[PDB]
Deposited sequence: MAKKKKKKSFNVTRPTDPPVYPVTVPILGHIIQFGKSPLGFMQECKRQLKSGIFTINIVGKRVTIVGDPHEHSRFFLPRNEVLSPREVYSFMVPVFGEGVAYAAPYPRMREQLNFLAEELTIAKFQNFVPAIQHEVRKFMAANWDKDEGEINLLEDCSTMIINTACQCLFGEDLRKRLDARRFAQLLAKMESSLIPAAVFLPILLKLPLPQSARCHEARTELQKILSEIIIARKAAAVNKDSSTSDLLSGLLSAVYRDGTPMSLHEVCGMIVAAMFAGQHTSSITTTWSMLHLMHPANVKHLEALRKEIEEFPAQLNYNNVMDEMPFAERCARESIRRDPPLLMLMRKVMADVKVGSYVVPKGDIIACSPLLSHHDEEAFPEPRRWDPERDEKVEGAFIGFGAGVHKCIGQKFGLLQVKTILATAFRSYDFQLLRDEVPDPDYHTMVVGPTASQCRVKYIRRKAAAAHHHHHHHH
């Protein structure tokens, strides 16, 4: 009933090395060598059981927090969140907070988002992509466009007059760099007096100082009468099941969580999308994206992007499908849980790996081939946005952003990969994207 452990060859470290050197190869190798889709690996002394069979995805995504907990495994994120916030808070309270954000990101809030986005893309374009052909780093540029377009959508004008996208990014970077992802396996690390923790602290107390100055100016305004909502006001008016409103630091915590969530996954999804579409091997697909946009006004609207872009959407999904930005979703097992024909014991870190599952040959024939036209051959094998009790809550907003960019970008430009092949993914980051140094691309305006 215990799933097969893969033979340890390297004393205390376990497989931490041959994992990080090549996560996909190493997992595939495991799946084969143990003639089994469900297996256990060792990472610095900790048992990590991987649910690598797509037919078993529901055994990971559906059990409740009390059985499969995210708290313990995602605690290295307390820099982003703040100390008693998101996964660090009790489950009832965690749920309320994420629900408040979730309702702040529903399609019902997008009435004004497409123009917000389009404005910010064009403004980036007509300041950095403004020659008749130039050389840029595409990941970096998309990454900048996405932070700007996210702020424009979710921050009101009063907010952005004090805290523009450039300054939010800068603060966010300072907090982001405090993250030690190895802490999932070596929690001792979260106790080291590292100097990148002072920097994170300093940026958080600066973010809160500014938001507080904003809330005061908002309340002064509201007495002399009284209008226009955003992420902030929205959270600012959430009431918990108990009597009480959120505190500044929880409001702020959810804001930085929302923006960090979006910044990387969406950029990378955009970057990959465009790298794929620009590749000469996918002319047929580029052509299809162009036929899709062909009849659109210069100023797109809600319906253009939500309801009339199913081929750009497939492009995003497929990009995520082939090169998932989140490689391993994780939970600490709190009770023996059945999985396949196996029992996974209390104390195991249990993972489900979009990387591994999205390259299952039954589920996704020719996995390294990018093919928007495709569909999963096994039910619920695509888990790029997760599933279950912790489904991505920003999926729609993310894709709204990827699509609108693809739309605006390709309308006005072509691109040339300065390279024979699409970039190698770079697994050495917390959120995975194409290799930065390989993402230089020549833009070309359009006659």
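According to the record, no C-alpha positions are given for deposited positions 1-15, 241, 464-475, numbered from 1.
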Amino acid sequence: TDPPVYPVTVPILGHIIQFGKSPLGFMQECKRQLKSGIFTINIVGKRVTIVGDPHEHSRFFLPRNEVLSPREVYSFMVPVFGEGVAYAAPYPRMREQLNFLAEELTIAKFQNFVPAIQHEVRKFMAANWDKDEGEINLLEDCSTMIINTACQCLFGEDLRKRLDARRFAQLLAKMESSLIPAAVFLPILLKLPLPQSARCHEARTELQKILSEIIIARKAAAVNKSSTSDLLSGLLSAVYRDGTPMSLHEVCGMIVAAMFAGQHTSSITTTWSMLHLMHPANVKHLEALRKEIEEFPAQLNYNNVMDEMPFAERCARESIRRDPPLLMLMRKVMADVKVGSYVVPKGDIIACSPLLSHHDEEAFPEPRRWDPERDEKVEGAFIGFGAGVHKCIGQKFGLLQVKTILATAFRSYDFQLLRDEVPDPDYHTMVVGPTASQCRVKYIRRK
From here on, numbers count along this sequence of modelled residues.
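Between 242-250 and 298-306, the higher mean Cα B-factor belongs to 298-306. As the entry records it, the average C-alpha temperature factor is higher for 16-24, out of 431-439 and 16-24. For the set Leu211, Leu139, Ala221, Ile146, the PDB entry puts the maximum C-alpha B factor at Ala221.
Sort the chain's modelled residues by C-alpha temperature factor and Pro70 lands in the middle third, per the entry. In this PDB entry, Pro195 carries a Cα temperature factor that places it within the highest third of its chain's modelled residues. Among the modelled residues of its chain, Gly45 has a C-alpha B-factor that falls in the highest third according to the deposited record.
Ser412 sits in the middle third of its chain by CA B factor, as recorded in the PDB entry. When the CA B factors of the chain's modelled residues are split into thirds, the value for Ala86 lands in the middle one.
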